[PDB]
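Engineer: Before anything else, here's the structure in question.
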Amino acid sequence: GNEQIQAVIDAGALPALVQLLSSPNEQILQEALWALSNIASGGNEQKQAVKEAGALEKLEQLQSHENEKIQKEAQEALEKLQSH
């Protein structure tokens, strides 16, 4: 599969930050993830979005993954949105 490519750095906003989770294209998920995943690094504002954005909803599609790296990509938001 394709790894996190260093194409462009971004942040993310609205459900658009989550939307790539439900991508069919696990590869492009991973590609754009590099820019989008930074949301998870911001505990307040960013990391709080994901729940409301539909990360639990988004997760389910990707849980049917064909790529193995994708498990970390899935659990990335899982982890961080859940209270622990």
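Here's how to read the names in the structure tokens: chain A, B, ... by the order shown, residue numbers from 1 in each chain, ligand numbers from 1 in the order shown.
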Can you list, as a PyMOL selection string, every protein, DNA or RNA residue that comes within 10 Å of residue 66 of chain A when you count only C-alpha atoms, leaving out same-chain residues fewer than 5 positions away?

Structural biologist: chain A and resi 1+24-27+71

Engineer: So which bits of chain A end up helix (DSSP H, G or I) when you DSSP the backbone, as a PyMOL selection string?

Structural biologist: chain A and resi 15-17+19-22+26-41+49-53+55-62+70-81

Engineer: Would you kindly return, as a VMD selection string, each protein, DNA or RNA residue with an atom no farther than 9 Å from any atom of residue 19 of chain A, considering only C-alpha atoms and excluding same-chain residues fewer than 5 positions away?

Structural biologist: chain A and resid 53 to 55 58

Engineer: Go ahead and dump the residues you just picked, N, CA, C and O atoms, as a compact mmCIF listing (two decimals), in the first residue's frame.

Structural biologist:
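Below you can see part21.txt, which holds the result:
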# COMPACT_ATOMS: atom_id res chain seq x y z
N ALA A 53 -17.98 15.36 14.02
CA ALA A 53 -17.72 15.25 12.59
C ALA A 53 -18.17 13.89 12.05
O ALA A 53 -18.46 13.76 10.86
N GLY A 54 -18.22 12.90 12.91
CA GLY A 54 -18.68 11.61 12.49
C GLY A 54 -17.57 10.61 12.34
O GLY A 54 -17.60 9.80 11.43
N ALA A 55 -16.59 10.65 13.23
CA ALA A 55 -15.46 9.73 13.17
C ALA A 55 -15.87 8.32 13.49
O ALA A 55 -15.34 7.39 12.93
N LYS A 58 -17.59 7.32 10.34
CA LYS A 58 -16.57 7.19 9.33
C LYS A 58 -15.72 5.94 9.50
O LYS A 58 -15.32 5.30 8.52

Engineer: What's the 9 Å shell around residue 73 of chain A, counting only C-alpha atoms, without same-chain residues fewer than 6 positions away, as a ChimeraX atom specification?

Structural biologist: /A:21,29-30,33,37

Engineer: Just want the 10 Å neighbourhood of residue 80 of chain A, counted on only C-alpha atoms, with same-chain residues fewer than 5 positions away dropped. Output as a PDB file with N, CA and C atoms, in the first residue's frame.

Structural biologist:
ATOM      1  N   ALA A  40      -5.597  15.361  15.102  1.00  0.00           N
ATOM      2  CA  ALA A  40      -5.491  14.516  16.264  1.00  0.00           C
ATOM      3  C   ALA A  40      -4.391  14.991  17.227  1.00  0.00           C
ATOM      4  N   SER A  41      -3.506  15.837  16.736  1.00  0.00           N
ATOM      5  CA  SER A  41      -2.418  16.357  17.528  1.00  0.00           C
ATOM      6  C   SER A  41      -2.888  17.563  18.363  1.00  0.00           C
ATOM      7  N   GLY A  43      -5.395  18.546  20.866  1.00  0.00           N
ATOM      8  CA  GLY A  43      -6.376  17.989  21.796  1.00  0.00           C
ATOM      9  C   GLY A  43      -7.658  18.795  21.883  1.00  0.00           C
ATOM     10  N   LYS A  47      -9.152  17.824  18.022  1.00  0.00           N
ATOM     11  CA  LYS A  47      -9.466  16.449  18.452  1.00  0.00           C
ATOM     12  C   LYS A  47     -10.928  16.293  18.933  1.00  0.00           C
ATOM     13  N   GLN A  48     -11.559  17.392  19.299  1.00  0.00           N
ATOM     14  CA  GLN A  48     -12.947  17.359  19.781  1.00  0.00           C
ATOM     15  C   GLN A  48     -13.928  17.284  18.600  1.00  0.00           C
ATOM     16  N   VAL A  50     -13.826  15.580  15.767  1.00  0.00           N
ATOM     17  CA  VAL A  50     -13.926  14.267  15.160  1.00  0.00           C
ATOM     18  C   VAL A  50     -15.197  13.481  15.572  1.00  0.00           C
ATOM     19  N   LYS A  51     -15.616  13.629  16.815  1.00  0.00           N
ATOM     20  CA  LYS A  51     -16.761  12.903  17.338  1.00  0.00           C
ATOM     21  C   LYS A  51     -18.019  13.405  16.631  1.00  0.00           C
ATOM     22  N   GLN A  75      -7.565   3.454  14.086  1.00  0.00           N
ATOM     23  CA  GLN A  75      -7.500   3.542  15.523  1.00  0.00           C
ATOM     24  C   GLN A  75      -6.960   4.872  16.012  1.00  0.00           C
TER      25      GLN A  75
END

Engineer: What's the separation between atom CA of residue 65 of chain A and atom CA of residue 32 of chain A, in Å to one decimal place?

Structural biologist: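 Between atom CA of residue 65 of chain A and atom CA of residue 32 of chain A the gap works out to 16.5 Å.
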
Engineer: Using only C-alpha atoms, find the one residue out of A:49, A:5, A:17, A:22 that sits nearest to residue 63 of chain A.

Structural biologist: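 Using only C-alpha atoms, residue 63 of chain A sits closest to A:22.
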
Engineer: Quick one: residues within 9 Å of residue 35 of chain A, only C-alpha atoms counted, chain neighbours fewer than 2 positions away excluded, as a list in words?

Structural biologist: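 Those residues are residues 4, 6, 7, 8, 9, 10, 11, 12, 31, 32, 33, 37, 38 and 39 of chain A.
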
Engineer: Go ahead and write the residues just picked, C-alpha atoms, as a CSV table (one decimal), in the first residue's frame.

Structural biologist:
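Ended up saving to again.csv:
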chain,number,residue,atom,x,y,z
A,4,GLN,CA,1.9,8.9,4.2
A,6,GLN,CA,4.7,14.4,2.1
A,7,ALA,CA,2.7,16.3,-0.5
A,8,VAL,CA,1.3,19.3,1.4
A,9,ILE,CA,0.8,20.2,5.0
A,10,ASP,CA,-2.7,21.3,6.1
A,11,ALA,CA,-4.8,21.2,9.2
A,12,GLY,CA,-8.4,20.3,8.6
A,31,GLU,CA,-1.9,10.1,1.3
A,32,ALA,CA,-4.1,13.0,2.5
A,33,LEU,CA,-4.0,11.6,6.1
A,37,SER,CA,-4.2,13.6,10.8
A,38,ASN,CA,-2.6,16.7,12.5
A,39,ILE,CA,-6.2,17.3,13.8

Engineer: Give the answer as one residue: which of A:45, A:18, A:60, A:2 has the shortest atom-to-atom distance to residue 77 of chain A, using only C-alpha atoms?

Structural biologist: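 Using only C-alpha atoms, residue 77 of chain A sits closest to A:18.
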
Engineer: Just give me the gap between atom CA of residue 82 of chain A and atom CA of residue 56 of chain A in Å, one decimal is fine.

Structural biologist: 9.7 Å

Engineer: Using only C-alpha atoms, which residue out of A:34, A:16, A:78, A:44 lies closest to residue 62 of chain A?

Structural biologist: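 Among the listed residues, the smallest separation from residue 62 of chain A belongs to A:78.
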
Engineer: Would you work out the distance separating atom CA of residue 72 of chain A from atom CA of residue 52 of chain A, expressed in Å to one decimal?

Structural biologist: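 Between atom CA of residue 72 of chain A and atom CA of residue 52 of chain A the gap works out to 20.8 Å.
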